[PDB]
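What follows is a short report on a single structure.
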Amino acid sequence: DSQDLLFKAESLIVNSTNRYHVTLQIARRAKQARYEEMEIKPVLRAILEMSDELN
Amino acid sequence: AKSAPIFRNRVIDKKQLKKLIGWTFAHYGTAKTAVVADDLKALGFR
Amino acid sequence: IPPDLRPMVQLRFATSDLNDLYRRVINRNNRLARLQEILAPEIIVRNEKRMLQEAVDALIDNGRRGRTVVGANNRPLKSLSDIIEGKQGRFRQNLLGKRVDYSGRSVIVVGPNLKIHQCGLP
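Listed below in structure tokens is the structure:
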């Protein structure tokens, strides 16, 4: 849900120590995602993946 | 998290609401503060 | 200046004031050349040189030194300096702030059932 994405976003903003750097990482990840998927929306999947990787 | 809320047994003006929002942000984060603000908005409107 | 930066479009023809300023400069320069070719009286040549100086002045910055060159209506002509200065100048109207695509504008009403991260778009 939207709320879930909002909690995951907040979760990634913390433990990163740089909101800009983690926004750049999310952008890059989502770009790669859509690129290797054209072969859900990229930024959303990127945030889901990065949250699930933070264990 | 882990910070249990205090039972505010008093009248709630704007100052009390602002204090509660600040406490929620300080202890719980920015998305639980958003949720609390939405819930308080719904309750007040009702 | 390149002609597309002083466009002469057809609606009638709408012309930039730079065309008139350049025409004044060219007319006075050609007349000065003719006067220098026929060995005109010195006062006439000197007056033409003064006119050329004033025309170039009005082109670079209208009204800085002498009188202000008005147009068909009694308004100052926009010279080269007037383009890059002021709140309507190039820097503040086109470089530091622009009209952008993919934009809209509408009246706002209150959506009480929305969430803080949501908006109602028509």
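Residue numbers (the UniProt record's numbering), protein chains in the order written: chain B, 8 to 46, 54 to 69; chain S, 4 to 49; chain E, 251 to 261, 265 to 375.
Note that beta-carbon positions come from the ideal geometry of N, C-alpha and C, so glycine has one too.
DSSP on S/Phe48, reduced to helix/strand/coil?
S/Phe48 falls in the helix class under three-state DSSP.
Should the region 55-67 of chain B be regarded as contacting the region 26-35 of chain B, the criterion being three or more beta carbon pairs within less than 8 Å?
Short answer: they touch.
Between S/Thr27 and S/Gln19, what straight-line distance do the alpha-carbon atoms span, to the nearest angstrom?
Distance between the alpha carbons of S/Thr27 and S/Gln19 is about 12 Å.
Check whether the Cβ of E/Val360 sits closer than 8 Å to any heavy atom of the ligand ATP, and report yes or no.
Looking at this structure, you won't find the ligand ATP or any other ligand, since it has none at all.
What residues from chain S crowd round B/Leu13, counting only those whose CB sits closer than 8 Å?
Neighbours of B/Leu13 on chain S, chain order: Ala34 and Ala37.
Answer yes or no: do B/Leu13 and S/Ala37 have a C-beta to C-beta separation smaller than 9 Å?
Yes; because the gap between Cβ atoms is below 9 Å, this pair is in contact.
Taking only the alpha-carbon atoms, compute the straight-line gap between S/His30 and E/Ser356 and give it to the nearest angstrom.
So the two alpha carbons sit approximately 38 Å from each other.
Which stretch, first to last residue, makes up the beta strand (DSSP E) that contains E/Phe266?
Per DSSP, E/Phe266 belongs to the beta strand (DSSP E) from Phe266 to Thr268.
Hey, quick one: how far does the alpha helix (DSSP H) through B/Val29 stretch, first residue to last?
It spans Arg26 to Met45 - the alpha helix (DSSP H) in which B/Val29 sits, taken as one unbroken run.
What's the call for B/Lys38, buried or exposed, on a 16-neighbour Cβ count within 10 Å?
With fewer than 16 Cβ atoms within 10 Å of its Cβ, B/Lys38 is classed as exposed.
Got a sec? Which residues, its chain only, sit under 8 Å from E/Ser334 by beta carbon, not counting five neighbours each side?
Excluding positions up to five away in sequence, the list reads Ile313, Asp314, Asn315 and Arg317.
Apart from the five residues on each side of it in sequence, which residues of its chain come closer than 7 Å, Cβ to Cβ, to S/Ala40?
The answer, listed in chain order, is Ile24.
Please confirm whether B/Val29 has its beta-carbon closer than 9 Å to some beta-carbon of chain S.
So no, B/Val29 is outside the interface.
Quick check on E/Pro329: does DSSP put it in helix, strand or coil?
It is a strand residue.
Got a sec? Which residues, its chain only, sit under 8 Å from E/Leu288 by beta carbon, not counting five neighbours each side?
So the qualifying residues of the chain are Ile297, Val298 and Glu301.
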